[PDB]
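*Asks:* The structure's right below; bear with me while I get my questions together.
Here Cβ is always computed from backbone atoms with ideal geometry, including for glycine, and neighbour counts include all displayed protein chains. Since every read-out is calculated from the coordinates, none of them should be taken as a lab result.
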Amino acid sequence: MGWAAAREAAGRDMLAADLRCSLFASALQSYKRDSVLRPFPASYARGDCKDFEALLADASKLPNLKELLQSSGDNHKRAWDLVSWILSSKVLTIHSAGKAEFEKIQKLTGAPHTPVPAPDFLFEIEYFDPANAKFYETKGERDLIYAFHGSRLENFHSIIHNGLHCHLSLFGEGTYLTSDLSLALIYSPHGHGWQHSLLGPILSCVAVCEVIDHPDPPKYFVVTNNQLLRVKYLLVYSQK
Ligand SMILES: Nc1ncnc2c1ncn2[C@@H]1O[C@H](C(=O)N2CCN(CC(=O)Nc3cccc4c3CNC4=O)CC2)[C@@H](O)[C@H]1O
């Protein structure tokens, strides 16, 4: 996606654009970047060779999104290229939501049984076709379940773009979900986001999943076929 298209997208929802940059920074900065930074910007790869040192360096030169947008940049050329890539997707996009939807989420997942904190920011994932149509076609007459999934921040760039995978032979294969946000949170410790983020530099992210209902101390449950679920919301918490 081009620079003018990037500037319109970022201007329409800066906190959603900022999140996508913060989640990219978190994956990039992680020692696990080789595996967690997927999708990877092809501009920073030769063949199979990913140049994480070029990418880490260029990432650390990105100004905050207010500065990037207010600066008429042909000098912020490398930054625009990178932010344009970050905010591009033909499959989905992300939308800032108000805590008028945290009420909705709570109603969908079920009233909490244990004290829980309120997210500082909430975000919804909009899926475009064929992906969107495919999900509802798979769903059919079956009703949708809403459950939480906690994870380390460096995993959310890959979780969002590639979806939740199923494994990591051993113990327990499939994705673990819970209707108690207090259980999901123990799997979502604070991680390092982006120093120029409007959300703040240290964040915790919890996913809300749309689960197609099929026979599948707080209670939890496991989803083995990954065609039956998708991240629909993101609960973001900033450390103060
Ligand atoms: N596309 C992806 N990119 C990077 N990580 C991805 C990914 N898709 C899934 N994952 C990540 O894989 C990790 C994974 O398989 N794991 C890690 C931990 N483990 C058990 C476990 O998940 N238990 C478990 C138990 C109860 C509740 C919750 C969890 C997790 N979240 C919860 O809310 C099972 C194997 C996982 O943490 C997940 O968030």
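*Asks:* Hey, got a sec? Which trypsin sites (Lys or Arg not before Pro) in region 124-155 land in a DSSP loop and have at most 16 other Cβ atoms within 10 Å? Spell out each step's value before the answer.
*Replies:* On the way: sites: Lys134, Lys139, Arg142, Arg152; in loops: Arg142, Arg152.
Those satisfying the criteria are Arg142.
*Asks:* Would you work out which of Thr138, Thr114, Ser22 lies farthest towards the positive end of the dipole of the chain, given +1 charges on the beta-carbon of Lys and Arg and -1 on that of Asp and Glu, about the Cα centre?
*Replies:* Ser22
*Asks:* Could you give the alpha-carbon Rg of region 76-173 over 2.2 N^0.38 Å, rounded to two decimals? Kindly include the intermediate steps, with their values, before the conclusion.
*Replies:* Values: Rg = 16.8 Å, N = 98, 2.2 N^0.38 = 12.6 Å.
Here the answer is 1.34, to two decimals.
*Asks:* If you don't mind, there's one more thing I want to ask. Among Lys90/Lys139; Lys104/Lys219; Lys107/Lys232; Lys50/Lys139; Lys134/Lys232, which pairs are too far apart, with a Cα-Cα distance over 26 Å? Kindly include the intermediate steps, with their values, before the conclusion.
*Replies:* Details: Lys90/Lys139 22 Å; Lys104/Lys219 21 Å; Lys107/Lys232 15 Å; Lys50/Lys139 38 Å; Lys134/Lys232 15 Å.
In this structure, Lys50/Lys139 exceed 26 Å between Cα atoms.
*Asks:* Right, next: Fewest first, what order do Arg46, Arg78 take by the number of other Cβ atoms within 10 Å?
*Replies:* Working: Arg46 8, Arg78 16.
Least crowded to most crowded, the residues run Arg46, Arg78.
*Asks:* Let me ask another. Using the alpha-carbon centroid of each, what span in Å lies between region 64-94 and region 107-141?
*Replies:* 27
*Asks:* Compute the projected area of the convex hull of the Cα atoms of region 59-114, averaged over all viewing directions, and report it in nm² to one decimal place.
*Replies:* On the way: hull surface 27.3 nm².
With every direction weighted equally, the projected area is 6.8 nm².
*Asks:* Could you tell me the extents of region 93-142's C-alpha atoms along the three principal axes, largest first, rounded to whole Å?
*Replies:* Projected onto the principal axes, the Cα atoms of region 93-142 cover 38, 25, 14 Å.
*Asks:* Turning to a different aspect of this structure: Taking Cα centroids, how far is region 1-63 from region 144-218 in Å?
*Replies:* 20
*Asks:* Write down the radius of gyration of the chain and its Dmax, each obtained from C-alpha positions, in Å.
*Replies:* 18.1, 56
*Asks:* Can I ask one more? Among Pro189, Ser158, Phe171, which residue has its Cα furthest toward the positive end of the charge dipole of region 133-195, with +1 on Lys/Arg Cβ and -1 on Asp/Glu Cβ?
*Replies:* Toward the positive end, the furthest listed residue is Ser158.
*Asks:* Right, another one. In debye, nearest 20, what is the charge dipole magnitude of the chain about its Cα centre with +1 on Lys and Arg Cβ and -1 on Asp and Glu Cβ, if you could check? Let's see the in-between values first.
*Replies:* Working: 24 positive and 26 negative charges, 68 e Å.
With only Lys, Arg, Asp and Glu charged at Cβ, the dipole is about 320 debye.
*Asks:* Next question, about the same structure. For region 47-57, just list the computed ³J(HN,Hα) in residue order, Karplus coefficients 6.51, -1.76 and 1.60, θ = phi - 60°, integers in Hz, with x standing in for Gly and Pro.
*Replies:* So the J values, rounded to whole Hz, are x, 6, 6, 7, 9, 5, 6, 4, 6, 5, 5.
*Asks:* Now for a separate question. Give, as a single signed number, the net charge of other residues whose beta carbon lies under 12 Å from the beta carbon of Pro39, with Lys and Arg counted +1 and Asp and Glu -1. Intermediate values should be presented prior to the final figure.
*Replies:* Values: positive: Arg20, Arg38, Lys50, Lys90; negative: none.
Cβ neighbours under 12 Å give a net charge of +4.
*Asks:* Calculate for the chain the 222 nm mean residue ellipticity that helices alone would give, adding -39,500 (n - 2.57) per DSSP H run of length 4 or more and normalising by residue count, nearest 500 deg cm²/dmol.
*Replies:* Details: 10 runs with 83 residues, N = 240.
The per-residue figure over the chain is -9500 deg cm²/dmol.
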